[PDB]
$ cat model_13.cif   # mmCIF, C-alpha atoms and all ligand atoms
data_final
#
loop_
_atom_site.group_PDB
_atom_site.id
_atom_site.type_symbol
_atom_site.label_atom_id
_atom_site.label_comp_id
_atom_site.auth_asym_id
_atom_site.auth_seq_id
_atom_site.Cartn_x
_atom_site.Cartn_y
_atom_site.Cartn_z
ATOM 1 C CA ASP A 5 44.771 3.366 -23.994
ATOM 2 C CA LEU A 6 42.540 3.750 -20.822
ATOM 3 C CA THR A 7 39.084 2.235 -21.014
ATOM 4 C CA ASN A 8 35.963 3.377 -19.126
ATOM 5 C CA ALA A 9 36.456 0.355 -16.830
ATOM 6 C CA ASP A 10 40.074 1.489 -16.077
ATOM 7 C CA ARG A 11 38.828 5.023 -15.320
ATOM 8 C CA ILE A 12 36.127 3.712 -13.021
ATOM 9 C CA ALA A 13 38.684 1.507 -11.226
ATOM 10 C CA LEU A 14 40.809 4.602 -10.465
ATOM 11 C CA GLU A 15 37.915 6.897 -9.457
ATOM 12 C CA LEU A 16 35.600 4.602 -7.518
ATOM 13 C CA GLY A 17 38.256 2.602 -5.627
ATOM 14 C CA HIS A 18 38.193 4.887 -2.578
ATOM 15 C CA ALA A 19 35.471 6.114 -0.231
ATOM 16 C CA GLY A 20 33.683 9.460 -0.588
ATOM 17 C CA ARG A 21 31.799 11.523 -3.187
ATOM 18 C CA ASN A 22 32.959 11.806 -6.752
ATOM 19 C CA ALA A 23 31.906 13.248 -10.107
ATOM 20 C CA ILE A 24 33.263 10.950 -12.845
ATOM 21 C CA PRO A 25 33.118 12.233 -16.478
ATOM 22 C CA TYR A 26 31.894 9.336 -18.708
ATOM 23 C CA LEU A 27 31.732 8.962 -22.461
ATOM 24 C CA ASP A 28 30.090 5.865 -23.884
ATOM 25 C CA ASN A 32 26.390 8.009 -27.814
ATOM 26 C CA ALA A 33 29.919 8.958 -28.941
ATOM 27 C CA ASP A 34 29.217 12.721 -28.872
ATOM 28 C CA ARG A 35 27.351 13.038 -25.607
ATOM 29 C CA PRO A 36 29.314 12.914 -22.370
ATOM 30 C CA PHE A 37 27.679 12.677 -18.991
ATOM 31 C CA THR A 38 28.705 12.411 -15.366
ATOM 32 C CA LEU A 39 28.528 9.700 -12.730
ATOM 33 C CA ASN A 40 27.928 11.467 -9.438
ATOM 34 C CA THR A 41 28.918 8.697 -7.092
ATOM 35 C CA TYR A 42 29.172 7.867 -3.410
ATOM 36 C CA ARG A 43 31.167 5.073 -1.921
ATOM 37 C CA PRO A 44 30.861 4.521 1.873
ATOM 38 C CA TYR A 45 33.682 3.348 4.087
ATOM 39 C CA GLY A 46 33.399 -0.386 4.332
ATOM 40 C CA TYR A 47 32.006 -0.889 0.829
ATOM 41 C CA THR A 48 33.078 -4.294 -0.516
ATOM 42 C CA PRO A 49 32.285 -5.581 -4.085
ATOM 43 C CA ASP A 50 29.576 -8.031 -2.910
ATOM 44 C CA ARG A 51 27.391 -5.236 -1.557
ATOM 45 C CA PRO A 52 24.485 -3.671 -3.466
ATOM 46 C CA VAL A 53 24.819 -0.906 -6.126
ATOM 47 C CA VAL A 54 22.021 1.627 -6.264
ATOM 48 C CA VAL A 55 21.592 3.543 -9.567
ATOM 49 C CA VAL A 56 19.742 6.828 -8.771
ATOM 50 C CA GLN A 57 18.098 8.923 -11.509
ATOM 51 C CA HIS A 58 17.565 12.696 -10.891
ATOM 52 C CA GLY A 59 14.414 14.587 -11.812
ATOM 53 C CA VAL A 60 13.883 17.601 -14.084
ATOM 54 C CA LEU A 61 16.514 19.845 -12.420
ATOM 55 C CA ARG A 62 19.241 17.398 -13.584
ATOM 56 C CA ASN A 63 20.695 17.645 -10.050
ATOM 57 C CA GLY A 64 22.427 14.267 -9.920
ATOM 58 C CA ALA A 65 24.896 15.474 -7.258
ATOM 59 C CA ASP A 66 21.955 16.362 -5.040
ATOM 60 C CA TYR A 67 20.289 12.972 -5.610
ATOM 61 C CA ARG A 68 23.560 11.192 -4.836
ATOM 62 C CA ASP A 69 23.694 13.212 -1.536
ATOM 63 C CA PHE A 70 20.139 12.127 -0.587
ATOM 64 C CA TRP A 71 21.334 8.489 -0.566
ATOM 65 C CA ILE A 72 24.448 8.984 1.635
ATOM 66 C CA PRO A 73 22.880 8.082 5.002
ATOM 67 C CA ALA A 74 21.373 4.848 3.591
ATOM 68 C CA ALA A 75 24.748 4.052 1.834
ATOM 69 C CA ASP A 76 26.641 4.546 5.100
ATOM 70 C CA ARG A 77 24.188 2.317 7.065
ATOM 71 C CA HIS A 78 23.810 -0.448 4.475
ATOM 72 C CA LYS A 79 27.193 -0.180 2.651
ATOM 73 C CA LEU A 80 25.709 0.626 -0.756
ATOM 74 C CA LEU A 81 27.593 1.995 -3.748
ATOM 75 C CA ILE A 82 25.595 4.994 -5.066
ATOM 76 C CA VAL A 83 25.791 5.872 -8.772
ATOM 77 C CA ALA A 84 23.816 8.788 -10.153
ATOM 78 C CA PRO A 85 24.137 8.990 -13.978
ATOM 79 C CA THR A 86 23.680 12.722 -14.542
ATOM 80 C CA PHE A 87 22.453 14.239 -17.847
ATOM 81 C CA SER A 88 22.974 17.955 -18.015
ATOM 82 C CA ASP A 89 20.490 20.332 -19.636
ATOM 83 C CA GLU A 90 23.330 21.587 -21.810
ATOM 84 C CA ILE A 91 24.285 18.236 -23.395
ATOM 85 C CA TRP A 92 20.954 16.361 -22.999
ATOM 86 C CA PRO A 93 18.372 19.115 -23.549
ATOM 87 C CA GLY A 94 14.621 18.764 -22.866
ATOM 88 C CA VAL A 95 12.378 15.857 -21.966
ATOM 89 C CA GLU A 96 13.298 14.510 -25.470
ATOM 90 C CA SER A 97 16.866 13.626 -24.435
ATOM 91 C CA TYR A 98 16.414 12.584 -20.850
ATOM 92 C CA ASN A 99 12.805 11.593 -19.880
ATOM 93 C CA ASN A 100 12.099 10.178 -23.410
ATOM 94 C CA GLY A 101 15.493 8.481 -23.913
ATOM 95 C CA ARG A 102 16.405 10.167 -27.274
ATOM 96 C CA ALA A 103 14.128 7.487 -28.852
ATOM 97 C CA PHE A 104 13.813 9.387 -32.154
ATOM 98 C CA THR A 105 16.216 10.721 -34.691
ATOM 99 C CA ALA A 106 15.742 14.348 -35.685
ATOM 100 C CA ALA A 107 13.646 13.214 -38.674
ATOM 101 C CA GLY A 108 11.273 11.369 -36.277
ATOM 102 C CA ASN A 109 12.407 7.839 -37.118
ATOM 103 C CA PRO A 110 13.101 5.343 -34.378
ATOM 104 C CA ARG A 111 16.696 4.930 -33.156
ATOM 105 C CA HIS A 112 17.709 1.380 -32.163
ATOM 106 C CA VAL A 113 16.931 0.729 -28.491
ATOM 107 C CA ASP A 114 20.556 0.221 -27.559
ATOM 108 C CA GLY A 115 21.196 3.795 -28.614
ATOM 109 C CA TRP A 116 18.577 5.230 -26.252
ATOM 110 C CA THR A 117 19.697 7.218 -23.179
ATOM 111 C CA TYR A 118 18.216 4.367 -21.025
ATOM 112 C CA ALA A 119 20.718 1.814 -22.423
ATOM 113 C CA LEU A 120 23.630 3.733 -20.875
ATOM 114 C CA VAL A 121 22.673 2.444 -17.367
ATOM 115 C CA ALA A 122 23.535 -1.172 -18.190
ATOM 116 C CA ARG A 123 26.756 -0.115 -19.989
ATOM 117 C CA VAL A 124 27.963 1.836 -16.973
ATOM 118 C CA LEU A 125 27.140 -1.219 -14.780
ATOM 119 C CA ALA A 126 29.175 -3.515 -17.074
ATOM 120 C CA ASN A 127 32.083 -1.125 -16.655
ATOM 121 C CA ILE A 128 31.764 -1.040 -12.840
ATOM 122 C CA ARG A 129 31.930 -4.826 -13.021
ATOM 123 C CA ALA A 130 34.912 -4.906 -15.439
ATOM 124 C CA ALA A 131 36.611 -2.417 -13.054
ATOM 125 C CA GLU A 132 36.087 -5.056 -10.287
ATOM 126 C CA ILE A 133 34.547 -2.273 -8.177
ATOM 127 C CA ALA A 134 31.329 -4.231 -7.639
ATOM 128 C CA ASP A 135 30.085 -7.556 -8.827
ATOM 129 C CA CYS A 136 26.669 -6.030 -9.695
ATOM 130 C CA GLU A 137 24.739 -9.149 -8.630
ATOM 131 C CA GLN A 138 22.239 -6.982 -6.770
ATOM 132 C CA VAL A 139 21.627 -3.724 -8.536
ATOM 133 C CA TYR A 140 18.768 -1.465 -7.476
ATOM 134 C CA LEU A 141 17.431 1.191 -9.884
ATOM 135 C CA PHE A 142 15.536 4.235 -8.459
ATOM 136 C CA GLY A 143 14.273 7.331 -10.252
ATOM 137 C CA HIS A 144 12.184 10.278 -9.031
ATOM 138 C CA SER A 145 10.003 12.590 -11.145
ATOM 139 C CA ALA A 146 11.645 12.924 -14.622
ATOM 140 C CA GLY A 147 13.960 10.163 -13.466
ATOM 141 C CA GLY A 148 10.897 7.981 -12.546
ATOM 142 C CA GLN A 149 9.752 8.681 -16.184
ATOM 143 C CA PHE A 150 13.262 7.518 -17.283
ATOM 144 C CA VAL A 151 13.198 4.365 -15.148
ATOM 145 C CA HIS A 152 9.784 2.984 -16.281
ATOM 146 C CA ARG A 153 10.598 3.751 -19.930
ATOM 147 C CA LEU A 154 13.972 2.043 -19.415
ATOM 148 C CA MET A 155 12.004 -0.997 -18.182
ATOM 149 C CA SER A 156 9.735 -0.790 -21.247
ATOM 150 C CA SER A 157 12.619 -0.820 -23.729
ATOM 151 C CA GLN A 158 15.733 -2.502 -22.202
ATOM 152 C CA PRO A 159 16.799 -5.999 -21.064
ATOM 153 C CA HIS A 160 15.979 -6.587 -17.357
ATOM 154 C CA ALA A 161 18.897 -8.911 -16.534
ATOM 155 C CA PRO A 162 21.120 -6.251 -14.870
ATOM 156 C CA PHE A 163 18.406 -5.203 -12.355
ATOM 157 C CA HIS A 164 17.432 -6.910 -9.081
ATOM 158 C CA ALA A 165 14.832 -4.286 -8.023
ATOM 159 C CA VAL A 166 13.368 -1.215 -9.710
ATOM 160 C CA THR A 167 11.288 1.642 -8.297
ATOM 161 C CA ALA A 168 9.834 4.589 -10.180
ATOM 162 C CA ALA A 169 8.833 7.291 -7.761
ATOM 163 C CA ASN A 170 6.345 10.161 -8.551
ATOM 164 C CA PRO A 171 6.796 10.123 -12.357
ATOM 165 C CA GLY A 172 5.121 13.244 -13.885
ATOM 166 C CA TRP A 173 3.376 11.034 -16.507
ATOM 167 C CA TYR A 174 3.729 7.590 -18.063
ATOM 168 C CA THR A 175 4.238 5.670 -21.264
ATOM 169 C CA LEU A 176 1.168 3.432 -21.179
ATOM 170 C CA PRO A 177 1.620 -0.352 -21.742
ATOM 171 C CA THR A 178 -0.100 -0.423 -25.135
ATOM 172 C CA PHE A 179 0.754 -0.130 -28.800
ATOM 173 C CA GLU A 180 -2.298 2.110 -29.372
ATOM 174 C CA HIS A 181 -0.192 5.326 -29.009
ATOM 175 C CA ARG A 182 3.187 6.366 -30.356
ATOM 176 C CA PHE A 183 5.996 6.632 -27.864
ATOM 177 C CA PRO A 184 6.286 8.289 -25.431
ATOM 178 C CA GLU A 185 2.475 8.088 -24.885
ATOM 179 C CA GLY A 186 2.487 4.334 -25.722
ATOM 180 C CA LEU A 187 4.887 1.724 -27.119
ATOM 181 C CA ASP A 188 4.196 2.155 -30.871
ATOM 182 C CA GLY A 189 6.501 3.649 -33.506
ATOM 183 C CA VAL A 190 9.872 2.840 -31.847
ATOM 184 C CA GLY A 191 10.648 -0.793 -32.850
ATOM 185 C CA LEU A 192 9.370 -2.374 -29.608
ATOM 186 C CA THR A 193 7.598 -5.792 -29.584
ATOM 187 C CA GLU A 194 4.938 -7.706 -27.613
ATOM 188 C CA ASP A 195 7.867 -9.490 -25.910
ATOM 189 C CA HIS A 196 9.097 -6.139 -24.494
ATOM 190 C CA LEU A 197 5.599 -5.557 -23.177
ATOM 191 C CA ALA A 198 5.303 -9.061 -21.645
ATOM 192 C CA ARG A 199 8.673 -8.639 -19.903
ATOM 193 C CA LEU A 200 7.671 -5.157 -18.636
ATOM 194 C CA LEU A 201 4.416 -6.460 -17.211
ATOM 195 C CA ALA A 202 6.043 -9.444 -15.470
ATOM 196 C CA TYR A 203 8.762 -7.464 -13.732
ATOM 197 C CA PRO A 204 8.168 -6.722 -10.006
ATOM 198 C CA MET A 205 8.569 -2.968 -10.504
ATOM 199 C CA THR A 206 7.411 -0.719 -7.598
ATOM 200 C CA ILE A 207 5.504 2.387 -8.489
ATOM 201 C CA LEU A 208 6.173 4.586 -5.474
ATOM 202 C CA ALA A 209 3.580 7.352 -5.158
ATOM 203 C CA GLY A 210 3.372 10.106 -2.494
ATOM 204 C CA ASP A 211 -0.269 10.713 -1.632
ATOM 205 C CA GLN A 212 0.439 14.403 -1.160
ATOM 206 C CA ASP A 213 1.869 14.723 -4.737
ATOM 207 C CA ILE A 214 -1.396 16.400 -5.611
ATOM 208 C CA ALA A 215 -0.470 19.980 -6.541
ATOM 209 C CA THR A 216 -2.056 20.846 -9.936
ATOM 210 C CA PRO A 219 4.150 24.566 -13.624
ATOM 211 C CA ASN A 220 6.675 21.763 -13.951
ATOM 212 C CA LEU A 221 3.826 19.207 -14.020
ATOM 213 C CA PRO A 222 3.598 17.551 -17.462
ATOM 214 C CA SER A 223 0.631 19.324 -19.069
ATOM 215 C CA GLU A 224 0.391 18.024 -22.657
ATOM 216 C CA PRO A 225 -2.914 16.342 -23.557
ATOM 217 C CA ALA A 226 -1.471 12.827 -23.192
ATOM 218 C CA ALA A 227 -0.315 13.661 -19.647
ATOM 219 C CA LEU A 228 -3.651 15.348 -18.718
ATOM 220 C CA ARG A 229 -5.640 12.247 -19.809
ATOM 221 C CA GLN A 230 -3.809 10.239 -17.109
ATOM 222 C CA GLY A 231 -5.145 12.516 -14.316
ATOM 223 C CA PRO A 232 -4.924 15.949 -12.619
ATOM 224 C CA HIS A 233 -1.730 15.292 -10.599
ATOM 225 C CA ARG A 234 1.081 12.771 -10.279
ATOM 226 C CA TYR A 235 -0.614 10.711 -7.576
ATOM 227 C CA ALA A 236 -3.708 10.138 -9.838
ATOM 228 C CA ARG A 237 -1.425 9.321 -12.757
ATOM 229 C CA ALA A 238 0.420 6.683 -10.712
ATOM 230 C CA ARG A 239 -2.903 4.880 -10.042
ATOM 231 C CA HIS A 240 -3.887 5.234 -13.705
ATOM 232 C CA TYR A 241 -0.583 3.593 -14.822
ATOM 233 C CA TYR A 242 -0.950 0.749 -12.362
ATOM 234 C CA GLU A 243 -4.501 -0.078 -13.532
ATOM 235 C CA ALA A 244 -3.427 0.206 -17.205
ATOM 236 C CA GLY A 245 -0.727 -2.417 -16.590
ATOM 237 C CA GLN A 246 -3.231 -4.645 -14.724
ATOM 238 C CA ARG A 247 -5.602 -4.475 -17.713
ATOM 239 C CA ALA A 248 -2.845 -4.970 -20.323
ATOM 240 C CA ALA A 249 -1.678 -8.153 -18.530
ATOM 241 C CA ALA A 250 -5.193 -9.505 -18.046
ATOM 242 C CA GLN A 251 -6.228 -8.930 -21.686
ATOM 243 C CA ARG A 252 -3.213 -11.023 -22.604
ATOM 244 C CA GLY A 253 -3.489 -13.666 -19.870
ATOM 245 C CA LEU A 254 0.039 -12.621 -18.760
ATOM 246 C CA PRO A 255 1.627 -12.626 -15.293
ATOM 247 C CA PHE A 256 1.606 -9.132 -13.700
ATOM 248 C CA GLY A 257 4.398 -8.192 -11.280
ATOM 249 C CA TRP A 258 3.916 -4.461 -10.585
ATOM 250 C CA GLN A 259 3.221 -3.146 -7.109
ATOM 251 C CA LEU A 260 1.702 0.230 -6.333
ATOM 252 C CA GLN A 261 3.105 1.526 -3.042
ATOM 253 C CA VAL A 262 1.445 4.670 -1.723
ATOM 254 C CA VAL A 263 3.543 6.782 0.645
ATOM 255 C CA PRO A 264 1.252 8.487 3.199
ATOM 256 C CA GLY A 265 1.960 12.177 3.857
ATOM 257 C CA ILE A 266 4.829 12.664 1.389
ATOM 258 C CA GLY A 267 4.485 14.821 -1.726
ATOM 259 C CA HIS A 268 6.840 15.723 -4.559
ATOM 260 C CA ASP A 269 10.042 15.463 -2.528
ATOM 261 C CA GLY A 270 12.873 13.418 -4.122
ATOM 262 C CA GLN A 271 14.899 13.364 -0.885
ATOM 263 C CA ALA A 272 11.972 11.992 1.191
ATOM 264 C CA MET A 273 11.086 9.517 -1.574
ATOM 265 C CA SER A 274 14.760 8.418 -1.711
ATOM 266 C CA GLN A 275 14.813 7.677 2.042
ATOM 267 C CA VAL A 276 11.468 5.858 1.884
ATOM 268 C CA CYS A 277 12.729 3.734 -1.011
ATOM 269 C CA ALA A 278 15.922 2.887 0.925
ATOM 270 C CA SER A 279 13.784 1.921 3.905
ATOM 271 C CA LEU A 280 11.566 -0.359 1.826
ATOM 272 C CA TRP A 281 14.534 -2.018 0.063
ATOM 273 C CA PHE A 282 17.046 -2.271 2.844
ATOM 274 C CA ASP A 283 15.079 -2.120 6.093
ATOM 275 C CA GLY A 284 12.165 -4.072 4.598
ATOM 276 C CA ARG A 285 9.661 -1.604 5.965
ATOM 277 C CA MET A 286 7.772 1.581 5.469
ATOM 278 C CA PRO A 287 9.002 4.290 7.887
ATOM 279 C CA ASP A 288 6.499 4.941 10.673
ATOM 280 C CA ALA A 289 4.176 8.011 10.802
ATOM 281 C CA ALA A 290 6.611 9.931 13.059
ATOM 282 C CA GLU A 291 9.459 9.369 10.637
ATOM 283 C CA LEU A 292 7.268 10.149 7.643
ATOM 284 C CA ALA A 293 6.232 13.392 9.388
ATOM 285 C CA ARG A 294 9.923 14.117 9.982
ATOM 286 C CA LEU A 295 10.561 13.601 6.261
ATOM 287 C CA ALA A 296 7.525 15.715 5.244
HETATM 288 CL CL CL A 301 32.260 0.555 -23.327
HETATM 289 CL CL CL A 302 -2.633 14.634 -28.353
#

$ encode --input "model_13.cif" --output "structure tokens"
Amino acid sequence: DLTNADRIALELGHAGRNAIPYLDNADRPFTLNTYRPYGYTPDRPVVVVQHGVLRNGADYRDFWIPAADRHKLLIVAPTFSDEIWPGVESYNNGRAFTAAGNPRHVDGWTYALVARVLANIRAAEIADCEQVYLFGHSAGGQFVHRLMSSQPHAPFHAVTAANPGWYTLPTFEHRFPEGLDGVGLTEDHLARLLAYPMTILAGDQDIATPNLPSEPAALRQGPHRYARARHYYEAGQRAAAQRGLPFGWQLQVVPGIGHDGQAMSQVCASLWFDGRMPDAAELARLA
């Protein structure tokens, strides 16, 4: 008799950290590692945080605590374990393919779970989800931009993909995940992707050259994540211009920060909620 909304109402009603088992993808549970600050009220923002390759959602949720306490944000980190969601295929790439290599419908992709969880937070009356912010670092920045390529944008007020290891390029020339072909996506998905004011957040010290995506499609985008971020940005610029479409993306370089999900989390919080880049002294503190 309990629904996911009922569960969320009971688990997210009080302040503090939590790890909420969630089952939507009938056979694949995951966890919401959450933080609710004292003084959270339902009108305040919800930040969805996506972990990188380590699948350390609890850690990512912890990185956002100081910003949540200052700004009264509800932090939700959908967490996909290596055991239940193995490999880049299940997490980074959204389980886009069946085992036979045929496309699954986009509402079955791992990405589509974000909006469902949000609808449940709203049905639980925990948050009205008017202003939802979506952040992902590394594998989770791969997840976020591919979510934006494949899913409705209505639930999301702001979206930042930080230091993705490599990118799905905005073109039907290559099969997903290298491009948008072979997965039932349309030119409308592409137009909506291009229009959205997504931030690509790139540390200019993310320039080390083992966990770095090293398949040929990743290598073609550049020697390191910082180069790849610039490559993605220009690819979107060209895709929009060849189509005469509006282009909403912003490339935001972070000076002196490398591949550091905690630093990139605090920079993102600063940009979104303080309206500013931290100063050099702060950035040096974070580095
Ligand atoms: Cl549901
Ligand atoms: Cl290839």

$ resolve_selection --input "model_13.cif" --expression "the PyMOL selection byres (((not hetatm)) within 10 of (chain A and resi 301))" --output "PyMOL selection string"
chain A and resi 7-9+26-28+120+123-124+126-127+130

$ write_last_selection --input "model_13.cif" --atoms "C-alpha atoms" --output "CSV table (one decimal), in the frame of the given file"
chain,number,residue,atom,x,y,z
A,7,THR,CA,39.1,2.2,-21.0
A,8,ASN,CA,36.0,3.4,-19.1
A,9,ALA,CA,36.5,0.4,-16.8
A,26,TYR,CA,31.9,9.3,-18.7
A,27,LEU,CA,31.7,9.0,-22.5
A,28,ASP,CA,30.1,5.9,-23.9
A,120,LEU,CA,23.6,3.7,-20.9
A,123,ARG,CA,26.8,-0.1,-20.0
A,124,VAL,CA,28.0,1.8,-17.0
A,126,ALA,CA,29.2,-3.5,-17.1
A,127,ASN,CA,32.1,-1.1,-16.7
A,130,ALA,CA,34.9,-4.9,-15.4

$ residues_near_ligand --input "model_13.cif" --ligand "ligand CL 302 (chain A)" --cutoff "8 Å" --atoms "all atoms listed in the file" --output "list in words"
residues 224, 225 and 226 of chain A

$ atom_distance --input "model_13.cif" --atom1 "atom CA of residue A:232" --atom2 "atom CA of residue A:206"
21.3 Å

$ closest_residue --input "model_13.cif" --among "A:170, A:156, A:137, A:107" --to "residue A:193" --atoms "all atoms listed in the file"
A:156

$ atom_distance --input "model_13.cif" --atom1 "atom CA of residue A:182" --atom2 "atom CA of residue A:256"
22.8 Å

$ residues_around --input "model_13.cif" --residues "residue A:162" --least-positions-apart "5" --cutoff "12 Å" --atoms "only C-alpha atoms" --output "count of residues only"
21

$ resolve_selection --input "model_13.cif" --expression "the PyMOL selection byres (((chain A and resi 273-289) around 10) and not hetatm)" --output "JSON, numbers by chain"
{"A": [52, 54, 56, 67, 68, 70, 71, 72, 73, 74, 75, 77, 78, 80, 140, 142, 143, 144, 165, 166, 167, 168, 169, 170, 206, 208, 209, 210, 261, 263, 264, 265, 266, 267, 268, 269, 270, 271, 272, 290, 291, 292, 293, 294, 295, 296]}

$ residues_around --input "model_13.cif" --residues "residue A:223" --least-positions-apart "5" --cutoff "10 Å" --atoms "only C-alpha atoms" --output "number ranges by chain"
A: 172-173, 216, 228-229, 232-233

$ resolve_selection --input "model_13.cif" --expression "the PyMOL selection byres (((chain A and resi 110) around 12) and not hetatm)" --output "PyMOL selection string"
chain A and resi 101-109+111-116+182-184+187-192

$ residues_around --input "model_13.cif" --residues "residue A:198" --least-positions-apart "2" --cutoff "9 Å" --atoms "only C-alpha atoms" --output "list in words"
residues 193, 194, 195, 196, 200, 201, 202, 203, 249, 252, 254, 255 and 256 of chain A

$ residues_near_point --input "model_13.cif" --point "(19.3, 14.9, -23.8)" --cutoff "12 Å" --atoms "all atoms listed in the file" --output "MDAnalysis selection string"
chainID A and resid 32 34:37 60 62 86:104 116:118 150

$ atom_distance --input "model_13.cif" --atom1 "atom CA of residue A:79" --atom2 "atom CA of residue A:132"
16.4 Å

$ closest_residue --input "model_13.cif" --among "A:12, A:176, A:197, A:84" --to "residue A:243" --atoms "all atoms listed in the file"
A:176

$ closest_residue --input "model_13.cif" --among "A:51, A:131, A:253, A:83" --to "residue A:11" --atoms "only C-alpha atoms"
A:131

$ axis_aligned_box --input "model_13.cif" --around "stretch 79-83 of chain A" --padding-each-side "5 Å" --output "AutoDock Vina command-line options"
--center_x 26.6 --center_y 2.8 --center_z -3.1 --size_x 12.0 --size_y 16.1 --size_z 21.4

$ closest_residue --input "model_13.cif" --among "A:220, A:38, A:145, A:175" --to "residue A:65" --atoms "all atoms listed in the file"
A:38
